[PDB]
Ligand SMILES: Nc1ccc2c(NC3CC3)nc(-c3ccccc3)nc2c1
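In the form solved without this ligand, a lone chain appears below as structure tokens.
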């Protein structure tokens, strides 16, 4: 057991071992607060996350076990992986703090579009890596649900890593079915997000930069028109169907007229991506196979995930029960070489 040292960062109590040094807060990191630190041991720049009130609510205690289980299973280049997990606790009886350690990422895609248009080969490399990462996550029966440039991490070499997966001016990449309560969703809700992101990289501007839920939707549709005949029947919700008919009937717009000068194959993929029909929306594996990624697509170098036991998700257990399962996952952790 290493020696732990206490410090106060923006009125937060941080008790970390005698290896993580010069802790400086960076951003957010779902269900917690993130710090940039220097790991003695390896001599690397790492990211340290302190989970916020891990065992204070039923939703938190369940989410804490969920997050730790995900990080211990993720073994992929385009997916954030777990380097270390610690607690200032000696016994189960004093376990009320959880810390997660990962590699420190250079930047996020919110700055990688900020004020300049990207080259077509740059977009190709970024989107191919998002898709490769999503393919692996989806094969484990996990979906991001809140995919945005904020949780897409890049380094100096443009080597991408997906963050904050499987836990869920912000909802600008939200899919129409998981917003307008349409047909019982699938994994391609993330393909919609990939589509909105790809468009943003090429144009340099956000595709649907709404101000509220009503605006966001009018904007999505000022480009895909209104659902037509075969699709209007598929809509399950009695409430939201009243709004679709309330909207002025918009036609489907040509993506070549909005994405001017852009690669014809990039237009085709975006059109196969930004499909209102969740049933006909292209999958991560199918989108990798698309002609646009001819230079990068390798079926032999696009691995699928090992079986992920998610049976705990159907389990309704008490805080102290979830607290116990988490503690065993902290002590059973094998650090990667």
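Residue numbers count along the first chain shown, from 1. For clarity, a rigid core is taken as the largest C-alpha set superposing within 1.5 Å between two forms.
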Does at least a third of the other compared PDB entries (those resolving both flanking residues) leave residue 168 without coordinates?
yes
Can you tell me whether residue 115 lacks a model in a third or more of the other compared entries?
yes
In the entry, residues of the deposited sequence missing between residue 107 and residue 108 amount to none
Stretch with higher mean Cα temperature factor, 314 to 322 vs 7 to 15, is 7 to 15
Quick note on 29 to 37 and 276 to 284: per-entry mean CA temperature factor is higher in 29 to 37
Note to self: of 264, 133, 81, 251, the C-alpha temperature factor tops out at 251
From 193, 96, 151, 181, the top C-alpha temperature factor is at 181
Temperature factor at the Cα of residue 158, chain-ranked in thirds, falls in the middle
The third of the chain into which the C-alpha temperature factor of residue 73 falls is the middle
By the entry's values, the third containing the CA B factor of residue 57 is the middle
Binned into thirds over the chain's modelled residues, the C-alpha B-factor of residue 269 lands in the lowest
Tertile call for residue 211 (CA temperature factor, within chain, third-based) is the highest
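The form solved in complex with this ligand exists for this protein as well; it is not shown, and the discussion that follows is about that form.
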Seen with this ligand overlaid from its pose in the deposited bound form, and using a 2.4 Å cut-off to backbone or C-beta atoms, this pocket is blocked
Assert contact residue (this ligand, in the deposited bound form, non-hydrogen atom within 4.5 Å, options 267, 89, 223, 231) equals 231
Picking from 236, 249, 254, 96, the single residue whose non-hydrogen atoms come within 4.5 angstroms of this ligand in the deposited bound form is 236
task = Using heavy atoms only and a 4.5 Å cut-off, decide whether all three of 200, 202 and 259 touch this ligand in the deposited bound form.
result = no
Examine residue 274 and determine whether its closest non-hydrogen atom to this ligand in the deposited bound form is within 4.5 angstroms. no
query = Contact between residue 208 and this ligand in the deposited bound form at 4.5 Å, heavy atoms?
reply = no
* Determine whether any heavy atom of residue 279 comes within 4.5 Å of a heavy atom of this ligand in the deposited bound form, and answer yes or no. => yes
Using a 4.5 angstroms cut-off on non-hydrogen atoms, would residue 182 count as touching this ligand in the deposited bound form? yes
Candidates 110, 155, 245, 119; compared between this form and the one not shown on the rigid core, the one with a C-alpha shift of 2 angstroms or more is 245
